[PDB]
Each structure stands twice: as C-alpha cells, then as structure tokens.
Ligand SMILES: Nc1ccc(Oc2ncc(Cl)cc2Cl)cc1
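Read the single chain below, which is given as structure tokens and is the form deposited without this ligand.
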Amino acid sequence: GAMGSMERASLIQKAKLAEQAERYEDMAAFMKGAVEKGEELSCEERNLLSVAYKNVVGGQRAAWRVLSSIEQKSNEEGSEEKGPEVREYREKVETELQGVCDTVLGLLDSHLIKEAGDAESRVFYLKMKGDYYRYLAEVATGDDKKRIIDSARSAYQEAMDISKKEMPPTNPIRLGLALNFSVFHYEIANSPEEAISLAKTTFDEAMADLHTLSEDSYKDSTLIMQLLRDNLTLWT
C-alpha cells in the first residue's frame, strides 16, 4: 500500500481534488488507499470509489474496442499481414484492464461486501461486483469465460434480490443495477428478451412509485429511467 502512510481523510480529500482535475487514475489510487484503511465507506465515499474506477476502466474498454476492431480487420480475407503488433498491443491493454478489474474485485472481496449490511451499501457493492465481472467477460475467451459470466450473473442476482426486498422501485441504486443487469443480459448472456423484459418492468414499476418522491428524488430517479427507455429504444 503506497497510500498506507496517508490519512484516510486526506485520501478522500485528494480523491475529490483528483476528480475536479479529471485525474481518474489518481482518484482511483486515493480511493483504493481509503478502502485499505479497513473502515466501512459512507455513501459519498462509495460513489467516489465507483466514479474513479468506472472512468479508468471505461477508458481501457474504449481503447480495447478500438484495438480489437483493428485486429479483426487485419484478420479478414484480403488483409496485408502487419505482424504480431496489433495483437500484442491489444493484449497489453487487455491485461491492464483485467488488472484494474481484479483490483476492484479484490477490494470488494477484502472486505467491503462482507461488512456491508445495509441495503444501500450491499446492493451498491454487489452491483459493482457484477459490473467488473461483466468487464472481464467482455474480453474473455478461454476456459474461464463461462465461469466469469456466471460470476457476474450471480453478483447481479444477489443485488437484485436484496433491492427488491429492501428498496423502493425508484431507488436510484436499484434502477442503475437493473439498467446494468439488463445490459448484461443483452450484451454478455445473449439473452435480449430477458434484457428487454427487465428494462421494461423496471421502468414501469418505477413510474408507478414516482408519486411518492420529492422534486429532487424525482429528478434522480427519472434520469435513470430515461436510460432504461433509451436502451429499450435501441433494442426494439
């Protein structure tokens, strides 16, 4: 732990500064250091952790997709052999991506999930676990691809079961979990009908609970509801 000598509160402060500076690798390192202090994370702190790693892995995923596309074209019928370089560099980015995912999954397993008892924390972390296994699945091709997919599915499913029992249908964590699990079905599990059903049912159950919300809560919930609709429009 290179952050072992820094105060927890200083790490959180610097994560916020790194966010303002769009230095997301630094932000992720600061928030990894904060997690490794061993204390549970508050709501704000959980979201700093997720924002940081989502931005880091999001950049890696975008790069991997560019390189994968170049690699597949170099493998089409009629292409001039360019040598091993495209594959090598795609593999380099892939390995770095897998490393970030393993780091996040490691933080969740040591020991964020096991200490998370409230629905808002436990569902949040299990959603993250599903998300980072999903990112591993996006690049997986070996003896373990089915097991990676099942690890994502299992984490999402536990998160879903808790969220349906313990949170209202408009809860933004519950909505975001369903959004992402629906994308898992469509893009990873080759289950577009499940993806569409889940998005539609989530949207409709949220619609019916909006009347209970304040103006600010309404804005939060309807934002994610619009993403569900966006995906449904993409898929139908």
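Throughout, we count residues from 1 along the sequence that is shown.
Although not depicted, the form solved in complex with this ligand is the subject of the following passage.
Undergrad: Given the pose of this ligand in the deposited bound form, superimposed onto this structure around the site, is the binding site open or blocked (3 or more ligand atoms closer than 2.4 Å to backbone or C-beta atoms counts as blocked)?
TA: Open, going by where this ligand lands after superposition on the site C-alphas.
Undergrad: Is there a heavy atom of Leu67 lying 4.5 Å or less from a heavy atom of this ligand in the deposited bound form?
TA: Contact check for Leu67: no, nothing within 4.5 Å of this ligand in the deposited bound form.
Undergrad: With a cut-off of 4.5 Å between heavy atoms, is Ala189 one of the residues that contacts this ligand in the deposited bound form?
TA: It does not: once this ligand is placed as it appears in the deposited bound form, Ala189 has no heavy atom within 4.5 Å of it.
Undergrad: Select from 211-236 the residues with a non-hydrogen atom within 4.5 Å of this ligand in the deposited bound form and write them out in sequence order.
TA: Sequence-ordered list: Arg229, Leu232, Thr233, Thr236.
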